[PDB]
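>>> build the 3D model from these lines:
(3 chains)
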Amino acid sequence: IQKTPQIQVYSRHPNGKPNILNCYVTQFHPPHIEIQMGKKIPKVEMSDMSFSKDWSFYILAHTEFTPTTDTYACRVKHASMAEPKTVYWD
Amino acid sequence: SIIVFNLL
Amino acid sequence: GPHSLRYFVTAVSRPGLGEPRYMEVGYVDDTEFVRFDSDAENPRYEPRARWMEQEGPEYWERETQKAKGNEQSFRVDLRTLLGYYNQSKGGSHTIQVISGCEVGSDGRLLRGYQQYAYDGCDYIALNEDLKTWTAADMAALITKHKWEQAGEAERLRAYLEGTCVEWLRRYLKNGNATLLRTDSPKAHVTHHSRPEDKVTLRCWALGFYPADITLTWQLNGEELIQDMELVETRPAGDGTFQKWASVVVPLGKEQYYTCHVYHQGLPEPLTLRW
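Residues are numbered from 1 along each chain as shown, chains lettered A, B, ... in the order given. Here you go:
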């Protein structure tokens, strides 16, 4: 009864541009999930949640950011993991 | 328009 | 073409955190058009596509009231299922439902769905005959026998063959024009030297909608079913999608490869070289 989230972090557009940044989380259950994104960013909108044919859940979180070099972060808490899985970029 | 559901 | 109207229902309990959380989400041909969420501020059915905003206030309040009653009913189903399975009362649990219909071009129903899942697993589903149920275990057979005595299948088949497809015909007449929206992919290929002997040719497709797309790499006529890596296509965040596919190639031998991009908004599939 417990399935591990799959995470993709990536940019909405391909070093100073109006880039929105994305944490896309899929294939997970239970639905309670905690995604966090210099380090630790505030004003993180998160899509309303949904699930798909296989009952697995999914969400998209996005910030707004301008990159350069800095590094940008993604960490999801979820019951399927002992410890939050962190994920980076390009 | 969704159906009214019954009990399990 | 064939069309669909389906609703995705979620109820999840929070022992000690209050009433359970309840959601209804509506899809026409896999695009979300209505949403009800009990944890919004003034739970109400809401438009999720701007063509749905044609419907009057009676629609919205009719659907809001229906959702409130559906919500009242899934809190019982949650407490019922704990007992059927005799589980501890401390934990969080989920019920999910998929309900709707797929119709053909003559407007007649092709596929009807009424399917339940408990804690991510199948629970009971209305079979394709629209007369009988498949229970996944012993707990679900309790529901089955009771739904046989109620004539639940007949109630569902009347809904699915009639009401459901009528409502869909009403929704297509409103957001057809929008639903046909296709954005063509914009493709390009990127180059990455990999220590020590390897290049990585990455084929990008972006800005495309809908999300159904196919990317292949070909080595002079053949398709590379291996060495090729591939990301689950992803929403960019603006209604278009993203996908890339690549592969690693030896050096100075990157003229031999070609990306091909297969999408419905392309008159012809795309062919790209580095």
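>>> only C-alpha atoms from now on, for both contacts and neighbour counts.
Noted.
>>> run through the residues of the stretch 151-274 of chain C sitting next to chain B.
Residues of the stretch 151-274 of chain C found near chain B (C-alpha under 8 Å from any C-alpha of the partner chain) are C:159, C:164, C:167.
>>> isn't the last one right up against residue B:3?
It stands for residue C:167. No - using C-alpha atoms under 8 Å, residue C:167 makes no contact with residue B:3, being 11.2 Å away.
>>> quick one: contacts for the residue of chain B found nearest chain C?
Relative to chain C, the nearest point of chain B is residue B:8 (5.3 Å; C-alpha to the nearest C-alpha). By C-alpha atoms under 8 Å, 6 or more residues apart in numbering or on different chains, the contact set of residue B:8 is C:77, C:80, C:81, C:143.
>>> from chain B, how far out is the third one?
Just to be clear, that refers to residue C:81. Distance of residue C:81 to chain B, computed by C-alpha to the nearest C-alpha, to the nearest Å: 8 Å.
>>> give the helix, strand or coil label for that residue.
Of the three states, residue C:81 takes helix under DSSP: H, G, I helix; E, B strand; the rest coil.
>>> over to the one 10 residues further on?
Residue C:91 falls in the coil class when you classify it by three-state DSSP.
>>> roughly how far apart are it and residue C:119?
To residue C:119, residue C:91 is 11 Å away according to C-alpha to C-alpha, to the nearest Å.
>>> and these two? Which one has more around it.
Comparing residue C:91 with residue C:119 by neighbour count (other C-alpha atoms under 10 Å in any protein chain shown), the higher total belongs to residue C:119, at 18 against 11.
>>> any idea how far that one is from residue A:55?
Distance of residue C:119 to residue A:55, given as C-alpha to C-alpha: 9 Å.
>>> do you have the strands of chain A handy? List them.
Along chain A, the stretches classed as strands by DSSP state E are A:6-11, A:21-28, A:34-36, A:45-46, A:50-51, A:57-62, A:75-77, A:85-86.
>>> distance to chain B and mean neighbour count added to those strands, as JSON lines?
Formatted as JSON lines, the strands of chain A follow (distance: least, C-alpha to the nearest C-alpha, whole Å; neighbours: other C-alpha atoms under 10 Å in any protein chain shown):
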{"stretch": "strand A:6-11", "distance to chain B": "31", "mean neighbour count": "19"}
{"stretch": "strand A:21-28", "distance to chain B": "25", "mean neighbour count": "22"}
{"stretch": "strand A:34-36", "distance to chain B": "30", "mean neighbour count": "16"}
{"stretch": "strand A:45-46", "distance to chain B": "26", "mean neighbour count": "13"}
{"stretch": "strand A:50-51", "distance to chain B": "17", "mean neighbour count": "20"}
{"stretch": "strand A:57-62", "distance to chain B": "21", "mean neighbour count": "21"}
{"stretch": "strand A:75-77", "distance to chain B": "32", "mean neighbour count": "19"}
{"stretch": "strand A:85-86", "distance to chain B": "37", "mean neighbour count": "14"}
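>>> of the ones you listed, which is nearest residue C:131?
Closest of the strands of chain A to residue C:131 is strand A:50-51, at 26.7 Å (criterion: C-alpha to C-alpha).
>>> my read is that residue C:26 contacts residue C:7, right?
Yes - Residue C:26 is in contact with residue C:7 according to C-alpha under 8 Å; the separation is 4.4 Å.
>>> quick one: the strands in the stretch 101-250 of chain C?
With strands called from DSSP state E, counting those that start in this stretch, the stretch 101-250 of chain C shows them at C:109-118, C:121-126, C:133-135, C:186-194, C:198-208, C:214-219, C:222-223, C:229-230, C:234-235, C:241-249.
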